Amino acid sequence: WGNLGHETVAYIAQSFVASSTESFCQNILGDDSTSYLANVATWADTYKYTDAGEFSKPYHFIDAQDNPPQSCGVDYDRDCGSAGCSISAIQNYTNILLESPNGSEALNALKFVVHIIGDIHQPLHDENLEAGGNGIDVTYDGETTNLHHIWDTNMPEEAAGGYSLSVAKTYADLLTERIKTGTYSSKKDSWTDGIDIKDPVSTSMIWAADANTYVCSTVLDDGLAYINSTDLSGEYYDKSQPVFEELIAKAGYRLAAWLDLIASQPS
């Protein structure tokens, strides 16, 4: 996602974490504001453009070698690759926070987990084709862009009504309502099925496989004749909106559950 999506995921997670988890994270981050997670949710996307952070570019995605829209699937050993991936990064940084939460690596580990659980839920961050859709040029509201970009940025910002941290907070409030009582309230009690702090790869692969299903059902189902030729800000946006909104909600809910397990200690 772009910055709005990551901040929204982070604000949702803040609304679901336990108090002890909030304290654990505020202490690592040195921030006890009501934006503590949202304030770091974009860091990984700045870091990756620096020499020191170049290593971490592959950690934003897992290039699933499926065949969409005909067939979708993610396989860790087939798709992660030698340079690592979102799944291998969740394992590494989760294990740093479990083993060394008071050490110097904890700060970046937590900022990576906040960001990357967001990225796992962007379907085109779970797809090899055309570098996650970066190579598919499209038109969106009269502008030339690419399919990856409209899922990261154009469509979420249209739905949220802007791009800023305050707009993200409002959007997160809307999606948090949908989880607690609204649209998602009868399905969210299944969203953490299979979660296992002792198996970060298995857990994050469930999430990535869930998001990847939408590459076939939603991202690419219209077929590339349509996608290449049609302004996607109309009916394509209309069908995409419920899907990316539910995936942003899932990302925040699952991030909170994961942070609770990372911070958890038996009383």
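Residue numbers here begin at 1 and follow the sequence given.
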Would you tell me which stretch averages the higher CA B-factor in the PDB entry, 68-76 or 115-123?
68-76
Test of understanding: from the entry's C-alpha B-factors, which stretch has the higher mean, 163-171 or 97-105?
97-105
Between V219, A225, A38, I206, where does the Cα B-factor run highest in the record?
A225
Third of the chain, ranked by Cα B-factor, where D152 sits:
lowest
Of the three thirds of Cα B-factor ranks in this chain, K198 occupies the highest
Rank-wise, by C-alpha B-factor, drop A211 into the lowest, middle or highest third of its chain.
lowest
Taking only the Cα B-factors deposited for this chain, tell me whether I248 sits in the lowest, middle or highest third.
lowest
What third of the chain, by the recorded C-alpha B-factor, contains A83?
highest
